[PDB]
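A.B. asks: PDB entry and its sequence, pasted below:
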Amino acid sequence: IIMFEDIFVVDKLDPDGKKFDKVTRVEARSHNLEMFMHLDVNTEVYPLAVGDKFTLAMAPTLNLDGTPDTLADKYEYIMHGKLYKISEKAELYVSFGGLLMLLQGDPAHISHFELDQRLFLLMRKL
Amino acid sequence: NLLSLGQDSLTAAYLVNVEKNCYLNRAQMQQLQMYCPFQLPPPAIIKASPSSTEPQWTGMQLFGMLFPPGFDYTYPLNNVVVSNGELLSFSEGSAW
Amino acid sequence: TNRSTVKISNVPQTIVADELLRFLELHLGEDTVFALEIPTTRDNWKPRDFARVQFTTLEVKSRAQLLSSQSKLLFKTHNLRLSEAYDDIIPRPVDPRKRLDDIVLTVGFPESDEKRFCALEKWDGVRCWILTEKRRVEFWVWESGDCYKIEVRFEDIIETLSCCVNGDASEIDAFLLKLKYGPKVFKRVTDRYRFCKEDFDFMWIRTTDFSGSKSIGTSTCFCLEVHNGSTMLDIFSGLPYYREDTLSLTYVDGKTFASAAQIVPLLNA
Amino acid sequence: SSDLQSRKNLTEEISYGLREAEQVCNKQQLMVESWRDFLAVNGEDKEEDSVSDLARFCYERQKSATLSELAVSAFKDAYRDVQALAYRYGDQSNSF
Amino acid sequence: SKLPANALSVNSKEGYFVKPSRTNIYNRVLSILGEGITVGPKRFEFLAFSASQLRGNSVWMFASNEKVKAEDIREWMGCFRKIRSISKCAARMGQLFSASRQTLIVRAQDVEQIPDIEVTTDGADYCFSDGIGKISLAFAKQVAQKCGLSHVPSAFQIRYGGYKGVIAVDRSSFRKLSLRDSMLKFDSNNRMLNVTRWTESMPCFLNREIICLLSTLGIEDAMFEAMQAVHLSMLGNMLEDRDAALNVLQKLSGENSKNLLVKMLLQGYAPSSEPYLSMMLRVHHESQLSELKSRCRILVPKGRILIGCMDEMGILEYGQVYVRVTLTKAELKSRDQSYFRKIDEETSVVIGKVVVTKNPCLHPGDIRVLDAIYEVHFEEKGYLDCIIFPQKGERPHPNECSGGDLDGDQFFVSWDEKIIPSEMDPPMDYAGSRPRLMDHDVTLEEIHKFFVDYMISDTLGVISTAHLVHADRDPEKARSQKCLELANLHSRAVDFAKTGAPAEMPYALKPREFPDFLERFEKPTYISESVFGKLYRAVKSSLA
């Protein structure tokens, strides 16, 4: 059910602020896959410091074996969005209700993603 | 166009689309849905915290219930992309 | 690890140098910051987004790097990021032992075939800094108020000798520096974002010989009269072509050889 | 301002910016045919006279109209940077 | 070493505008030049400085004596009060200091005043005759006897009595000597004849700028790679093979040169024996590889470096020239070629496409493809070791070659056929800056000021490096406005020695980065992926 799953380590923060009361864009590089990721995360409700390691997973549906549109107990930062731009080392542009995500990796790593489809975002900081 | 949003609706739309850090819960979103003519979008925010239930709605989806499903809008200057009646991206400028 | 200056990535635009200095002294040790400079786009009212800070000891620099790597530095809801710098704010050696203050400097040449040395002009209370990274030695000489900088590189010297002035062969109270080329001569000329811990708000320009008798231009050797140092030999061993032998000298009154003309090193007709 | 120290820093910055703008206006006032000998790349001993005469520049500006136009244009060009400080010293929650 | 720009006239912002402040070294140099240097019972005075010494911070000093003083020599060289320009006066006073061979003396009774030719098109003054001249056969025979020259060249650089320029031979001469108009630099009290260079038919070389400017017309990287590969292959085989040693010595330095090593190369023992010659060959190979590592120098046997002149015929049109050179070992081994005409046993004519290039070149428009033609009338005059330029045309050939003159300067010629002549670009303008004329005579002080100020703002050596770096970094080199600005600044800097106009190198155009093929180890090094980077990688692989 999970299409892409890898451990990511953050590199730097765009605002670099602890109490800016603003959405923070993070830059995390994939391990053993060499993939760069942009993601807008809320630090106040989900703290993320530099050097932390977190897993990431993407699935079309949260149900087991079908029923598109019970993985909630495993992860803690579930999101929902759609992929609108696929043109690039291919990269993906997924917006979770205005929160842009840029997953830039290799053409072979990302090949089973269609255009204008709904996908989730499973995250856990170990 | 002859008619604009006004002096208050403009500021309210700016505050809705700029903050991006205040999430509206189910009750407030359903209360605000009474005025909007279109239906309710998916929450897009299932879990914002490990111990946070009651999945919430983002602020930019609230402004997305003001466009027809067939209406598509693109504004390269402010990086505003509206596809299938949903606001996808917005950075700053408030020029559109 | 070659230098001691650390470049801070992001700092608030509303802060001053004093606030950052106080924050650093609060988190780190007391008075462990030597120089703090915030670049300004305008003259005095538009600082940039980054700043460069110089630490006194490399241990303090390592501790600051460790704190920044753990994101433990938070100054006005800003996470300070520390990175290496290109050049030092002030060319000052990190080792306090190399810094020699209030020493006697004299010039001369091997006038006699025997173990004799002649003194032309003697300066007291000069400052000597040994820069291993820059491969040069600086001499600060104060003369008639304005100070002058004498720069000697490692290629300028050809052989390092140690001598004594008290007259004891066991003790080492002097050092000979045979010069192949001439030393560079500089001159000192005449605030809100620059602390610098001292009066370093000036510039260095190259000048000619400042001596009235022009002893520097006619001297091919330099002598450093310093107190006996147990570990001074280890510091002086870093100079290229060092001889591990003990030599003694005597002072010869050579004040007669003084030319007031522009062409100094020529003989009198 | 967040506190009193920020207010003092902003006041000092505004004062220095106004002084710099006045200096820029005084420099721009010299772009006339009367100072062609001084603006040339040569040796002039009257460099200190153009700087020490600070109270005469305002009197000369208030008498001429073209000089006044040049001065106001230079002042606006140098004061745009001063106005740009509000985004640095202003928080995101500021209503203005 | 050279005095840095920060040691003299450091800048400081005082007042509304920035004004340079002279350091104590500036005053020291001025005092040394004025008072002079005293060594024992002598006192040296400033006489003059040559063009080469101005670029090397050198100056001549002569000790005044009771017989002849410095002023006596200065007035004996000539009267320089007619020149009202500071730089021009110094250049004319120092031009008469080159090495030369003494010849016979000719009085001032037999000299001609042949009128010149000028054409003004598009509102631009284009002069064909800048330093050209005319010589007879008897004069050549008389001047070639004291120098031990067997063959009579058709052109040789000469300067005498303040005049300077190259002269060409002709078979319709009236008397021994003739003179033109645009050759008098200054009036002199003597007319001693002397010759510096007659003819040098050395093989051509490909410098860095040639490849840099020829890498945009359509020339690929495989050609230069293969040429470098064959060059290194023939260099490595020169050690154990004596056949290649003579062929290299006869095609690298000197077409016809007699030497002890050259004679023994054709007939000698094994390379293992004769250590005196084997070690010389080894050190020559080491010098060649070091020179290749320092700079690009491609040995091309189908091209020479020779000066050019003009003939009073007027038959050649704009785009028609004549190419003739001697025959080397490669040309003599196989003279059957389409673009090579065997007019004589020693001299062979060329009918191929030949381009003209100098050493300093920073503009894409310098490449002017010229078609060489063969005419019996031109061959009847007997021109050798000199390319022929047409008299009539829109613009003279030296003007398109970075705005040069016919002052005996060398020209790169090559009868190559694999080049791409399709693309043609107009040359840059050759109009210099306005001359600066003074209202009073020179009091020997402003010349010292100019000499000292020449060290300050002397950016002649950094412009070429910046241009090379910018060409290697940004693709489509020599097409953007940055390259044009660099070329204009280079022209203005090379005009500094003639007219007192500083180059004014901007700060934003500094490279701040250097490729691998440079000796700046302290400066940051970046891996270049241009043709020069490929050539340097090939050289590194061959040496390792």
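C.D. replies: Looks like it arrived, so ask away. Residues are numbered from 1 along each chain as shown, chains lettered A, B, ... in the order given.
A.B. asks: ranges for the strands of chain A?
C.D. replies: Along chain A, the segments classed as strands by DSSP state E run A:4-13, A:24-30, A:36-41, A:53-58, A:79-85, A:91-95, A:100-104, A:118-124.
A.B. asks: Quickly note the distance from residue E:375 to residue E:469.
C.D. replies: For residue E:375, the distance to residue E:469 equals 46 Å [CB to CB, to the nearest Å]. (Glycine included, C-beta is placed from N, CA and C.)
A.B. asks: Show me which of these two is the more surrounded one.
C.D. replies: Taking residue E:375 and residue E:469 together and counting by other CB atoms under 10 Å in any protein chain shown, residue E:469 has the greater number of neighbours (20 against 15).
A.B. asks: can you count the residues close to the residue nearest to residue C:206 when sequence neighbours are not counted?
C.D. replies: Of all residues not flanking residue C:206 in the chain, residue E:7 sits nearest, at 4.6 Å (CB to CB, 6 or more residues apart in numbering or on different chains). Burial measure for residue E:7: 18 neighbouring residues, criterion other CB under 10 Å.
A.B. asks: Ok, residue C:223 next?
C.D. replies: Residue crowding around residue C:223 was assessed by other CB under 10 Å; the count is 23.
A.B. asks: for it, what are its contacts?
C.D. replies: Counting by CB atoms under 8 Å, 6 or more residues apart in numbering or on different chains, residue C:223 makes contact with C:105, C:106, C:107, C:108, C:117, C:119, C:163, C:174, C:175, C:176, C:177, C:249.
A.B. asks: hey, what's it bridged with?
C.D. replies: Applying DSSP bridges to residue C:223 gives these bridge partners: residue C:106, residue C:176.
A.B. asks: I'd like to know how far it sits from chain D.
C.D. replies: Spatial separation of residue C:223 from chain D under the definition CB to the nearest CB, to the nearest Å is 45 Å.
A.B. asks: Tabulate the contacts of residue C:223 (CSV), appending neighbour count.
C.D. replies: Rendered in CSV, the data for those read as follows (neighbours: other CB atoms under 10 Å in any protein chain shown):
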residue, neighbour count
C:105, 21
C:106, 23
C:107, 23
C:108, 25
C:117, 20
C:119, 18
C:163, 19
C:174, 21
C:175, 19
C:176, 20
C:177, 20
C:249, 19
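A.B. asks: Find the closest residue to chain A in chain D.
C.D. replies: Residue nearest to chain A within chain D: residue D:92 (6.7 Å; CB to the nearest CB).
A.B. asks: What residues does chain D have near chain E?
C.D. replies: Contacts of chain D with chain E, taken as CB under 8 Å from any CB of the partner chain, map to D:27, D:30, D:39, D:47, D:48, D:50, D:51.
A.B. asks: ugh, wrong one, I meant chain C
C.D. replies: By CB under 8 Å from any CB, the residues of chain C that approach chain E are C:187, C:205, C:206, C:207, C:208, C:261, C:262, C:263, C:266, C:269.
A.B. asks: What subset of those residues is buried?
C.D. replies: C:187, C:205, C:206, C:207, C:208, C:262 (16 or more other CB atoms under 10 Å in any protein chain shown).
A.B. asks: Quick check: strands, which of the residues you listed are part of them?
C.D. replies: Using DSSP E, the subset of these located in strands is C:187, C:205, C:206.
A.B. asks: Next up, the contacts around the second one.
C.D. replies: Contacts of residue C:205 were listed using CB under 8 Å, 6+ apart, and they are C:186, C:187, C:189, E:10, E:23.
A.B. asks: Mind giving me the PyMOL command for buried ones among these?
C.D. replies: Buried members of the contacts of residue C:205 can be picked out in PyMOL with the line below, counting by 16+ other CB under 10 Å:
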select buried, (chain C and resi 186+187) or (chain E and resi 10+23)
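A.B. asks: what's the neighbour count on the residue in chain C that chain D sits nearest to?
C.D. replies: Across chain C, no residue is closer to chain D than residue C:45, which sits at 3.6 Å (CB to the nearest CB). Neighbours of residue C:45 under the rule other CB under 10 Å: 22.
A.B. asks: Quick check: it vs chain A, distance?
C.D. replies: Computed as CB to the nearest CB, the residue C:45 to chain A distance reads 25 Å.
A.B. asks: go on, residue C:192?
C.D. replies: Using CB to the nearest CB, we find residue C:192 at a distance of 25 Å from chain A.
A.B. asks: List the residues that contact that residue.
C.D. replies: Contacts here follow CB under 8 Å, 6+ apart; on that basis residue C:192 touches C:16, C:17, C:44, D:12.
A.B. asks: Out of the residues you listed, who's the most crowded?
C.D. replies: Highest neighbour count within the contacts of residue C:192, by other CB under 10 Å: residue C:17, with 20 neighbours.
A.B. asks: my guess is residue B:85 contacts residue B:69, does it?
C.D. replies: Yes - in this structure residue B:85 lies within contact range of residue B:69 using CB atoms under 8 Å: 4.3 Å.
A.B. asks: what's the neighbour count on residue 44?
C.D. replies: You didn't say which chain, so I picked chain A. 15.
A.B. asks: Correction: the question concerned chain E.
C.D. replies: Neighbourhood size, residue E:44 [other CB under 10 Å]: 15.
A.B. asks: Wait, it touches residue E:60, no?
C.D. replies: No - no contact is recorded between residue E:44 and residue E:60 when judged using CB under 8 Å, the distance being 9.2 Å.
A.B. asks: buried ones in stretch B:88-96?
C.D. replies: Buried residues in stretch B:88-96, defined by neighbour count with 16+ other CB under 10 Å: B:88, B:89, B:90.
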